[PDB]
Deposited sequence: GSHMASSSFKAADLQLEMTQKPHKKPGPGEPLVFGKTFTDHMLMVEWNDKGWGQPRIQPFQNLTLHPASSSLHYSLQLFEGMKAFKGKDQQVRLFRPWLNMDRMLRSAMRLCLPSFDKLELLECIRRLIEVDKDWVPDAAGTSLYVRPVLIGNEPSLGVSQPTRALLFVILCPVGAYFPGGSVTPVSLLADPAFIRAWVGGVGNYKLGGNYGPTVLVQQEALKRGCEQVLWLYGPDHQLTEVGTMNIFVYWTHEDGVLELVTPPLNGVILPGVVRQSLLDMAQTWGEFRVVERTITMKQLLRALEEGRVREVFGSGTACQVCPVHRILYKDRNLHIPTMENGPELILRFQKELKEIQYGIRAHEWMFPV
């Protein structure tokens, strides 16, 4: 029953907002327009681009009671030629549909939404900044909207998309590694980008700050597996226990969100063929031995907001572990950053980019 971009409805604002002045804080500033699509028992309605406006919801909306909500996060970059491109948007649409199905929310056509998103970004092109290291953040959302307190498959839903000009990497982060905090469980929904996975992390992150750390290192299992850092996937660049240099990141076994940047770093590294690229469980036990034996070169997080984020300290069992990421260049990090920048800003042509 998918909505169609052909049926799009445009309604331009009466009074555009004054763009930012070359200090942009992430996700606070929004653009003039937004996409909105309604679903009900008659199926999907016509998508519309409309001025950025509030949502009107029935107070029993299942979005607000039973967390029938999921989101996405992706970026559009403006090249020198003032051309704007989305990075691997198809993977975000893929992941959004899976999230949708997990919450019994309505199915939709991935290319239709991608086209609607394209048009929306097209309409707000001038918001997309071109300054170094800047981008447009795109936040699609699908929430349920059943006006009743039954916990059930909804018969109403809203799909909408907002846009944020953003700025920001160079500086590393410190992590709190405390196993009392568990982000996701095998058989759970940690591998889907559902709102309910995030709310509970707010307190945990406050604890990390009180303990002088900047982010949370999410550990899993009795053997303390490194799963993710904050809202980022985790990569370790080391010489492994079998003497072979490798880039490792935990495998998609259910507690890991399959990042787009994660997959892209795996793709890039493999393409180079210069070292082993593997998806494997990483335990604190292995990390310690590797640190004491000097085999660790870099540790970083990956995610759309902070594409490659160096890690230099992990506070584990009340004692600080130094991570020599910044001493080792960080060569791999900077190399990852350089190529992604070349691709994203259109210096190198690449099928990963989708032009707006």
Worksheet item: What are the missing stretches of the deposited sequence, listed from start to end?
Response: 1-6, 29-30, 177-181
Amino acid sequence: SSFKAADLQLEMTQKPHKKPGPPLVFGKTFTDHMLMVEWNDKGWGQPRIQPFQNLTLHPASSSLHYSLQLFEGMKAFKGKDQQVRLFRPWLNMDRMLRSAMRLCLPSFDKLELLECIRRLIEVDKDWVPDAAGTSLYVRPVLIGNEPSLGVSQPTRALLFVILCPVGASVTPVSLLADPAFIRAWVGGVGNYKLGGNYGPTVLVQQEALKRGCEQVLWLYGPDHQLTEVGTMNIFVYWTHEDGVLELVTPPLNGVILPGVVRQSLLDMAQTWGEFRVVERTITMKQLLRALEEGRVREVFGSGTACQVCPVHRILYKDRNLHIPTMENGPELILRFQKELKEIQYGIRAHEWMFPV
From here on, numbers count along this sequence of modelled residues.
Worksheet entry | Test item: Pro22 lacks coordinates in at least a third of other entries | yes
Item to complete: Report the stretch with the higher mean CA temperature factor, choosing between 171-179 and 191-199 on the basis of the entry.
Response: 171-179
Worksheet item: Comparing 8-16 with 335-343, where is the mean C-alpha B-factor higher?
Response: 8-16
Practice prompt. Would you mind checking which of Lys80, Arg102, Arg280, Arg262 has the top Cα temperature factor in the PDB entry?
Written response: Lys80
Discussion item. Sorting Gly303, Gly45, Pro59, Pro310 by Cα temperature factor from the record, which one lands on top?
Written reply: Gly45
Practice prompt. Ordered by C-alpha B-factor within the chain, which third holds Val248? Give me lowest, middle or highest, please.
Written response: middle
Worksheet item: Based on the entry's values, in what third of the chain does the Cα temperature factor of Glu228 lie: lowest, middle or highest?
Response: lowest
Response to the item:
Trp238: CA B-factor among chain residues, third -> middle
Practice prompt. Ordered by C-alpha B-factor within the chain, which third holds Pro140? Give me lowest, middle or highest, please.
Written response: lowest
Worksheet item: When the modelled residues of the chain are sorted by Cα temperature factor, does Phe108 land in the lowest, middle or highest third?
Response: middle
